Amino acid sequence: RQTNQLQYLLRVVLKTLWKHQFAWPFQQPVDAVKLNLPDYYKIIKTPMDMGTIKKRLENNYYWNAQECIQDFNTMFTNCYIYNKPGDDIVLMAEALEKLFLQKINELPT
Ligand SMILES: COc1ccc(S(=O)(=O)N2CCN(C)CC2)cc1NC(=O)c1[nH]c(C)c2c1CCCCC2=O
């Protein structure tokens, strides 16, 4: 049994983002070896993705809403830091982040 906010972050926020057309690059960790990105783990000290966030939500890892929001923010900023600002992945990230922020301000008290 989790707090109302955490429940909403899983059943509303994560689930809406997961079903989005641009969720696919964000549903699993970046496999930097398979994708030939030798400096990825050197630049990204804390990889994060929606698949990892989901499991944490489902496992009661998070103490409260803000910790989950922190993970989401890390996922987005990792993408902006690593890629070039015109890359497709970055415009997908921006799109997904605006919806996220949208659903976050809709969060219950
Ligand atoms: C060619 O890309 C892929 C090929 C296959 C796969 S995948 O997991 O094998 N899978 C996705 C789900 N689909 C159903 C099956 C294929 C992922 C990816 N890539 C990503 O995810 C991804 N995500 C980020 C955030 C970045 C990247 C790579 C871009 C630069 C680093 C970067 O920032």
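Read-outs: derived from the displayed coordinates by stated rules, not from any lab. For neighbour counting, all protein chains shown are included, and Cβ atoms are generated from backbone atoms with ideal geometry for every residue, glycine included.
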task = Give the residues of segment 16-49 that are closer than 19 Å to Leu96 by Cβ and near the ligand (Cβ under 10 Å from one of its atoms), sorted by residue number.
result = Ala23, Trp24, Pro25, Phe26, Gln27, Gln28, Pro29, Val30, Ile44, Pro47, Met48, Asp49
query = Got a number for residues in segment 46-87 being without any contact (Cβ under 8 Å) to a residue 12 or more places away in the chain and either assigned to a helix (DSSP H, G or I) or under 8 Å from the mean Cα position of the chain (by Cα) (or both)?
reply = 6
request  = Using the structure shown, decide if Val90 is surrounded by 13 or more Cβ atoms within 10 Å (Cβ to Cβ), among the hydrophobic types (A, V, I, L, M, F, W, C) and either in contact with a strand residue (DSSP E or B) (Cβ under 7 Å, 6 or more places away or on another chain) or outside any loop (DSSP other than H, G, I, E, B) (or both).
outcome  = yes
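May I ask you to list the residues in segment 82-98 that are more than 9 Å from the ligand (Cβ to nearest atom) and of a type in the set (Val, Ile, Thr)? Full working, then the answer.
At the first step, the residues of segment 82-98 found to be more than 9 Å from the ligand (Cβ to nearest atom) are 84-86, 91, 94-98.
Listed by number, the list is empty, since nothing qualifies.
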task = Output the qualifying pairs, or none if there are none: Cβ atoms under 8 angstrom, residues six or more apart or on different chains, first residue in segment 93-108 and closer than 17 Å to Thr3 by Cα, second residue exposed (fewer than 14 other Cβ atoms within 10 Å of the Cβ) and polar (S, T, N, Q).
result = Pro108/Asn4
message = So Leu107 passes all but one of these: (1) closer than 17 Å to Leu10 by Cβ; (2) within 16 Å of the ligand (Cβ to nearest atom). Which condition number does it fail?
response = (2)
